[PDB]
Every structure is written in structure tokens, then in C-alpha cells.
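Residue numbers (the authors' numbering): 29 to 442. Don't be surprised by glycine CBs; every beta carbon is placed ideally from N, CA and C. A quick write-up on the structure given underneath.
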Ligand SMILES: [Cl-]
């Protein structure tokens with residue numbers, strides 16, 4: 029038996045355009061988040077995604093707390109960043125929460141038009157913002173209590189879209205990032221239910237947050253990330269969405285105790301992020317956003333503290349250094365191509381081909397069982413290991429011997 033997953037991207041990828049990061053800048057002093065941005069810019073990236081919680085911005089009806097946000101928006105433009113902001117949660121005066129609920133903000137608003145007016149206010153206040161995103165993970169109980177409500181979310185999205193387009197009719201409106209592949213507890217998907225409600229007529233950008241245990245799936249015997257992503261992306265294109273983003277994905281380096289995600293540490297984080305990036309950049313996404321730019325302090329849950337590219341001091345973690353090496357090897361723009369001819373590529377291999385700007389080919393590959401592969405048509409190539417930083421010239425009189433790892437390697441060849 030021999031199963032190999034080959035991917036070829038549907039279009040060229042320009043990293044500056046394609047790969048953004050989530051960030052939590054308001055958790056930090058301006059000095060600290062400007063250093064985070066220094067690091068982001070050093071990767072050649074510019075897109076950021078930022079969360080806004082309504083209950084934190086409007087702490088009582090028409091009592092706002094905007095000084096920090098005002099300054100951040102000025103700072104983002106001064107650093108030439110392109111930003112997408114999402115607004116989520118109900119302010120206390122508008123929530124559908126029962127009086128004695130402990131999670132007041134996790135209920136949707138009583139009146140969608142009130143929420144919509146706030147998104148319009150924010151957009152009008154901050155014209156530099158590139159896109160506005162409406163709520164977050166409404167298929168997940170923790171963001172929309174007491175039960176997922178496609179009809180309710182559609183009305184909220186409709187009302188927000190109309191209001192945002194009144195402020196600026198040309199600016200993109202992004203629907204909420206759906207948790208995972210948009211599955212709801214009742215066994216339907218939010219994307220499907222919204223399709224029945226005619227939501228595609230709104231023309232909003234569709235997005236979801238396909239976290240999985242491993243880079244290619246949830247179990248070693250069921251690596252079906254690619255299959256799921258292709259299926260949902262095809263369905264979205266068929267419904268005529270203007271674009272598909274993935275606004276969250278990634279892994280935490282936390283040490284435990286285990287909560288949903290297996291413990292993999294800083295080296296596992298580097299490994300998994302790189303493999304998933306190789307996959308997603310070759311799938312039908314227009315833009316994706318890694319979670320997240322920086323580690324967070326103890327205001328975050330134990331797991332959520334360690335998703336960063338950067339540690340708390342805004343210094344590179346292993347995943348940053350690995351991603352940096354990766355992007356240096358690819359260069360800033362990749363065009364779709366085929367992998368080289370192989371002999372005895374190991375079962376379970378992933379295999380992705382690109383061409384860079386200087387015309388050299390780039391092959392991305394790995395397999396859970398490791399091993400070795402022969403490339404009969406090549407006499408010279410250069411092998412890159414972005415996790416270790418090792419660079420290895422390969423040569424042969426009539427073909428190359430290439431070691432295969434469980435982690436991503438990059439072969440540059442012509
Ligand atoms: Cl290049």
C-alpha cells in the first residue's frame with residue numbers, strides 16, 4: 029500500500045499578501061507592542077488580526093473606553109500595518125443574558141441594530157482599518173449562548189453589513205471566523221445552515237478556524253485535514269463567496285496540564301506550525317492568520333499563554349526562527365509547480381512543489397515514518413531543514429539520495 033498526499037496551489041502566493049498574524053497588542057505597553065511589530069516586519073509580513081470585545085469598549089451605555097484603541101490605531105498606521113478588527117460580545121446594557129448568568133458577554137445582543145451601529149461608529153472612527161469582522165465563532169457555545177443560532181447570527185451579520193457599507197461601501201465585510209470547520213453541536217455546520225438562509229447574498233468574506241491536533245488531522249491514522257479543507261472551500265466557492273480566509277490556526281507550546289491540545293513544547297510548536305503552513309498555503313485560501321504573534325501573561329488561560337511566535341519579552345521563540353528560515357528560503361513569492369520525479373517516496377508522505385522568484389524550484393516534503401527517497405533526474409540540489417537551520421548540499425552522478433523526516437524539509441533544485 030502506498031498513499032501520498034500531493035498538493036499544488038491554485039494560484040501564486042505572495043507571503044506579504046497571504047500570511048498574517050493574530051495579535052493582542054492592547055495587552056501590552058506601546059513600547060512592547062512596537063517591538064513585536066519590529067519582529068513581524070522582519071518576517072516580511074504586514075497583516076494583523078485584532079480582537080475587540082464590546083463589553084470592554086463600552087462599559088456602560090454610551091460610556092466608552094477608547095483611549096488605548098485610538099492610540100493603537102495611530103500606531104498601526106505609523107508602522108504601515110494592514111489590519112482586520114473583529115467585534116464580539118454583548119455590552120451589559122444590551123445582552124440577552126439572564127440576570128444571574130456568570131457569562132454576560134457570551135450572549136448575543138437583544139437588538140442586532142445596536143451592535144451594527146457600534147461597528148459603523150468604529151469604522152467611521154478608524155478609516156485606516158482594512159476590514160471589519162462581525163462577531164467570532166458563533167457556532168461555539170462560549171461565544172453565543174445558550175445555543176448556536178444560525179438565524180440569529182444571519183440577522184446580526186446582515187444588520188452589520190448594511191451599516192458598515194453605509195460608512196464605506198467598498199470596504200470588505202468579513203463574517204465571523206467559524207470554530208473548526210463550522211460544526212455545531214446539533215451535528216449541522218454553520219456554513220450549511222447560513223447557506224439555507226441566503227447569507228451568500230450579503231457578499232461577505234467567509235472564514236473559519238480549522239484547529240486540529242496534528243498538522244494534517246486529529247489522529248495519526250486519520251490525517252484528513254486536506255480533505256476537509258478542500259470540501260468546505262469548494263462548497264464556499266460554489267456558493268459564490270468573494271473570498272475565503274482562515275483567521276485562526278496554530279498550536280500552543282504550553283507544558284500543561286493538558287487541555288484539548290497534546291503537550292508538544294516549543295520544538296513541537298515550530299514543527300507543527302511549519303507543516304500546517306506548507307499545507308494551507310497550497311490550499312484554496314486567499315489569506316490566513318496564524319494564532320498568534322506573542323505569548324500572553326496570566327490573564328490568559330494556561331494553554332492560551334503560549335501560542336506566540338514571540339515570548340513575553342517579544343523575542344523569537346523556536347517557531348519564529350524556523351518560520352524566518354522558511355520564508356528566507358522561499359523568497360517573497362511562490363508560483364505553483366510540480367514536485368520532482370521521485371523513486372520510493374515513503375508511504376504517508378506529503379509533497380508540495382513551488383517555483384520561487386529566481387526561477388529555482390522548491391520542494392516541501394515530509395512523512396511520519398521518515399526514511400529516504402531517490403530523485404533520479406537530479407545531480408545537484410540544496411536541502412534545507414528549517415527546524416535545525418541545517419543546510420546540506422546534495423550531489424550525485426545519476427540521481428540524489430534525500431533523507432525524509434517527520435518534520436518539513438525544503439529542497440531547492442533546478
Ligand atoms: Cl528568490
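The three-state reading of DSSP puts residue 389 in strand, counting E and B together. When secondary structure is reduced to three states using DSSP, residue 88 falls in the strand class. Close CB contacts of residue 371 within its chain, under the 6 Å cut and outside five residues either way in sequence, are with 402 and 404 (chain order). Residue 137 is bridged by DSSP to 123. CA-to-CA, the gap between residue 330 and residue 344 works out to about 20 Å. Under DSSP, residue 169 takes part in no beta bridge, so it has no partner. Between residue 270 and residue 233 the beta-carbon gap is near 6 Å, inside 8 Å, which marks them as a contact. Where residue 113 is concerned, there is no enclosing alpha helix (DSSP H), although the beta strand (DSSP E) around it starts and stops at 110–116. For the beta strand (DSSP E) assignment, the uninterrupted runs of no fewer than 3 residues enclosed by the region 187–217 are, from N- to C-terminal side, 201–203. Secondary structure of residue 319 (DSSP, three-state): coil. Inside the region 229–253, DSSP marks whole beta strand (DSSP E) runs of 3 or more residues at positions 234–237, from first to last along the chain.
Its Cα nearest to that of residue 74, the residue 360 stands out among 360, 375 and 249. For residue 418, the enclosing beta strand (DSSP E) begins and ends at 418–423. A residue is called buried when at least 16 other Cβ atoms come within 10 angstroms of its Cβ; residue 119 meets this threshold and is buried. Distances between the C-beta of residue 384 and the heavy atoms of ligand 1 include at least one below 7 Å. In the DSSP assignment, residue 438 forms a beta bridge with 392 and 412. Residue 76 has its alpha-carbon roughly 13 Å from the corresponding atom of residue 103.
If you compare the alpha carbons of 63, 108, 60 and 113 with that of residue 81, the shortest gap goes to 113. Between residue 218 and residue 176 a beta carbon distance of about 7 Å is seen, short of the 8 Å cut, so the two are scored as contacting.
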